[PDB]
Amino acid sequence: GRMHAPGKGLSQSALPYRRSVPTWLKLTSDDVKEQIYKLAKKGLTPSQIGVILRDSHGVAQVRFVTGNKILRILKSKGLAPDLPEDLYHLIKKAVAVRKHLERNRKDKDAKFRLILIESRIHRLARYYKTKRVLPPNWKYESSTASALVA
Amino acid sequence: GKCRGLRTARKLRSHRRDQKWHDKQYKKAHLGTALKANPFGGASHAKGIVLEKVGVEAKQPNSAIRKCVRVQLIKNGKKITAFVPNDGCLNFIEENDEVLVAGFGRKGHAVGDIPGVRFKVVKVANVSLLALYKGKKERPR
Amino acid sequence: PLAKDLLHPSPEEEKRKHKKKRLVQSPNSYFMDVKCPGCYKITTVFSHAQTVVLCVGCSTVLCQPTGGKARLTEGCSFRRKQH
Amino acid sequence: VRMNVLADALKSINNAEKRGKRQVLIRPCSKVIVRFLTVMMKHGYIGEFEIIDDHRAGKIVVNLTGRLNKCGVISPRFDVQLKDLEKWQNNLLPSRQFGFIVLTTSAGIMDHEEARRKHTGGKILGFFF
RNA sequence: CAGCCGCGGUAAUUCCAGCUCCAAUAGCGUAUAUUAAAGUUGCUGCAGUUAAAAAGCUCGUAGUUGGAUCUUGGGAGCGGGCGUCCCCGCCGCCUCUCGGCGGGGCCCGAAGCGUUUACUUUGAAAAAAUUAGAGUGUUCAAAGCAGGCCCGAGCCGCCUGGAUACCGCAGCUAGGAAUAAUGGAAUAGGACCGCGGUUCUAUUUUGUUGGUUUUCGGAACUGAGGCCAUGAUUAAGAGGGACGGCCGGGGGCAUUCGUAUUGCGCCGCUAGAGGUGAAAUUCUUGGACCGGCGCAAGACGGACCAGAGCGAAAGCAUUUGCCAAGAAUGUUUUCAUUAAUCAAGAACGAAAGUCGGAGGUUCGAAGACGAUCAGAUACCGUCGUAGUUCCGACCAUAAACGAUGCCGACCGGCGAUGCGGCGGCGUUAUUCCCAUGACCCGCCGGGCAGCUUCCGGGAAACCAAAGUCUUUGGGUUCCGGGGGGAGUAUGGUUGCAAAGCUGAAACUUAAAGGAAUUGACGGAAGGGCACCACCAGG
RNA sequence: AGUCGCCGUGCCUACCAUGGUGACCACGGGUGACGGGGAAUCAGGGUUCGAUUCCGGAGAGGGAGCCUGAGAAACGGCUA
Ligand SMILES: [Mg+2]
Ligand SMILES: [Mg+2]
Ligand SMILES: [Mg+2]
Ligand SMILES: [Mg+2]
Ligand SMILES: [Mg+2]
Ligand SMILES: [Mg+2]
Ligand SMILES: [Mg+2]
Ligand SMILES: [Mg+2]
Ligand SMILES: [Mg+2]
Ligand SMILES: [Mg+2]
Ligand SMILES: [Mg+2]
Ligand SMILES: [Mg+2]
Ligand SMILES: [Mg+2]
Ligand SMILES: [Mg+2]
Ligand SMILES: [Mg+2]
Ligand SMILES: [Mg+2]
Ligand SMILES: [Mg+2]
Ligand SMILES: [Mg+2]
Ligand SMILES: [Mg+2]
Ligand SMILES: [Mg+2]
Ligand SMILES: [Mg+2]
Ligand SMILES: [Mg+2]
Ligand SMILES: [Mg+2]
Ligand SMILES: [Mg+2]
Ligand SMILES: [Mg+2]
Ligand SMILES: [Mg+2]
């Protein structure tokens, strides 16, 4: 596997077969959506939201206690960010490397790694653009988009 | 490996086309180079005129003289060498005798122990040299 | 080797396999309940927690993460009795 | 990648049975296999099979009684036209007695004999003997 | 003479002739195209470690190929050897908004006629002659469509025939719905005499009349409501991203350290020192080589260094600090098929080499000398230019080799090693008992390799992949077709030049080649042997 | 929008617009190229030929233009 690399790892998770709720948790979904909303004000991704609940409150899967996903929940309220998480971080990482590269213009591994990254991006947007999340004319320009990130 | 899809036909049909030219016989035939360079215009036999009579030497392990002739054609004008198969038969040929020649049997390739001959004489003066040998006829003096 | 049963493997045998490569998948983690002697609360935590939990009083810390399972503060007892 | 779910299983049936095993496990556990296995079992070439369920592709187990020589697959799924059976079946099979080419068709999954007794053709999947 | 191998050099099974025999037979040889043989152009159906052959590595558009999943039974009318396995209608849905077999029936063309196809089965419609083929004793046959009967011959006539099939692909018509693709309700929508209402309003009624709303239909538009179990398939031992602790001669910039070498200064004692198979060229009382204390400059990073690690490959080794990336593991986090391979095109690419600056210890193509030699414009020795070093741009080749494309599954064991995670007797640890390695003992993942075997293959050598291949089909890319001419000539293209990429033909030739075997040979190695060998001697 | 044409059409003329084809191979060039029904070989799949008695097309020394006629740019009709 590893679309742009030679590895063949299999490190990943394994949900159980019992989808039920384990009856020691005495916490209700209405209270869950509240805590989600709080954690969404302070600017946290869906994944950061899920790990916290699992670590410190006793929630494995929102989809079982609730019936919906985290992203659908926010978008019912109107708090989902403009861009998606995946595309966001790739754009962040690129901007750092190029900045690093503006000075140390004799590092070819970085160039090579850069071209890999941008290739990963143009694929991903072709999904979101077909799937009708991004407009038909959104594009990554590589001279802007330092400003989208931060 | 091999392509092997259900809608791959253009590729395969193409691949066989450009890759067939790497066969010697097909390439020879379907290009005009061997054809326009053959003294016979895609033909079996041909008449022509004698202008010399020479003797060609043979290959190493044999040793002999094979009694050939320099011959000019009527239609094309080109020049060639030709062989006279039988014992004592060169004497049956005079100068400027209007002979008929043919191939030998290998389709452009040289045969045997003769260095560079691929034509044999058949008829001199229209009286079928083989018959003349056997004494079934004589020449038209 | 020429004859076995795969439907009914030994429990010790299916236990010593990778999560997926078992006959059926199975998770390898648990939740547990902590005591915090300086308190009288019982907060519950995941094994491979990859976070730092502060107490209810914001007085103390319980788990510092690691590449695998977490740790405890060497004075804090856990009850691995869930379900 | 595993662009085909049926190709791999029959290979992993064939190899094991070619060795001398008594049971095997084949993973992805899809619908079309189940029909394919049912019709083999029905004619008698194998025993029973138990199909494990999970909330995924699933899994499955078979019992062999290895009186089988080869199990085969033909891909791409060609299109038969009911006059070409003879030309397919003479140059895939060992004889005119036994061996079955299995094909999907509008009526279902069946062997070639039943297709001719119902007078319909379809698309080809594989073969066994 | 001889298509090929080959025959003829005074006893020719092969030439010139005679007897004899062989094959086809009113026909038989010869030349040239063209089919089969050719599984030597390979869809069915080749090959690619060493025989000819996988681009140096990576990305990437068109192309080709793509995971799992949504009505199954049990029955019913039946026919064979309560029943049981194989046979035949059904448990295609209604459509009445309508057609016509003031209101009641039971059915059809329409209205979905089938969300849209592909698929398969049927039917239509295909110019004849030709082909397969039915009938007919043309004197048989090839052909051809004719022919046969009772009978004084009367019967002024009778029977007859002039079949059938195939006709790829597109196009037409009707049935079946597995397989493959697509569509539908997510900033809500289907249905309800639905209910209000703002409009046009065609003839139904106002008998015929003059005009309006009028109940009428169907238009655009706007308002409030009850109803649906009210609407989102799961989350791949497919993938992307997040998070945590680590890992490593991975990459760039600056920085400190080391012995050695070469030169220079000063001190000390003394005639040789170098280098060779042996010599000389050369350095040498104007003090060499040796020893001693200092200084300078530029290169290189020993032993530790391993069938150990990292990187796409090229390739990577002193200390420290900084900068930005990454694999594997762990995960009851997240998105939900987003993917594999890839013409065109794009990045990187040892050494040599080219261009412009700085620098120049050591080594050293050219070049000059001294030796060996029949000769040496070489092997040896002494000197010594370009270059070897750094900064910035060109070129794009190698035995760039695992001489072995990438992805994915399956297929036998054993003991180790390196990273991460999980555990357990015990020893140390340290400073009083814990979490760090270290070992001790196992496990699990994905790695560089290794030993063993009738797994199985293969021309063999050999190989857990070069296997699962005449029992031939997992997906896809590039490339080969007797040997030379030849990676040549020419045309186009890049480049400062050198060169690179694409890439012929005439002609020539019957063998070139691969793996293994028996000899012979060897200025290759290990044991022995001889006065037609030696040593010592006559 | 019109002219010519037995009729539809950039077939032609004027005024406007700037479009049409292409790696699913246009464009250009070669053909010992008239096309098809068919012929040879043929396990199954294919390879090659088809000027040649049937259907359709083109031409009458090379080029162009016409009269008559229902019908011809005729050629055993005319004019250069
Ligand atoms: Mg890829
Ligand atoms: Mg041939
Ligand atoms: Mg054949
Ligand atoms: Mg071959
Ligand atoms: Mg050949
Ligand atoms: Mg075959
Ligand atoms: Mg080779
Ligand atoms: Mg599928
Ligand atoms: Mg390329
Ligand atoms: Mg270099
Ligand atoms: Mg250089
Ligand atoms: Mg320079
Ligand atoms: Mg020197
Ligand atoms: Mg090369
Ligand atoms: Mg190579
Ligand atoms: Mg091989
Ligand atoms: Mg094959
Ligand atoms: Mg060749
Ligand atoms: Mg070789
Ligand atoms: Mg012609
Ligand atoms: Mg013709
Ligand atoms: Mg004419
Ligand atoms: Mg003439
Ligand atoms: Mg004329
Ligand atoms: Mg005429
Ligand atoms: Mg005439």
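Numbering of chain B is taken from Swiss-Prot, so the residues present carry the numbers 2-142, in order.
When the header is checked for method, it gives electron microscopy, 3.1 Å.
Using the three backbone atoms N, Cα and C, a Cβ is placed for every residue, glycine included.
The SUMO2 cross-link feature in Swiss-Prot is assigned to B:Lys37; the stated evidence is similarity to another entry. Annotation source Swiss-Prot lists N6-succinyllysine at B:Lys54, citing similarity to another entry. Here Swiss-Prot flags B:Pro62 as 3-hydroxyproline. Swiss-Prot lists B:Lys135 with the feature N6-acetyllysine, giving similarity to another entry as the kind of evidence.
Where Swiss-Prot records a feature, it is marked here on the structure.
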residue: B:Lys37; record: SUMO2 cross-link; DSSP (3 states): helix
residue: B:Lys54; record: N6-succinyllysine; DSSP (3 states): strand
residue: B:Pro62; record: 3-hydroxyproline; DSSP (3 states): coil
residue: B:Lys135; record: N6-acetyllysine; DSSP (3 states): helix
- Provide the list of recorded positions among B:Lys37, B:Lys54, B:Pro62, B:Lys135 whose C-beta sits under 8 Å from chain C at the C-beta level, in sequence order; use 'none' for an empty result. none
- List the Cα distance (Å, whole number) between B:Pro62 (3-hydroxyproline) and the residue listed as 'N6-acetyllysine'. 32
- Note on the structure: CB neighbours within 10 A of B:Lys54 (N6-succinyllysine), counting all protein chains shown, number 14
- Task: Starting from the Cβ of B:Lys37 (SUMO2 cross-link), draw a 10 Å sphere and report how many other Cβ atoms land inside it.
- Result: 9
- the residue listed as 'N6-succinyllysine' to the residue listed as 'SUMO2 cross-link', Cα to Cα, whole Å, comes out at 27
- Note on the structure: Rounding to whole Å, the Cα atoms of B:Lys135 (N6-acetyllysine) and B:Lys37 (SUMO2 cross-link) are apart by 38
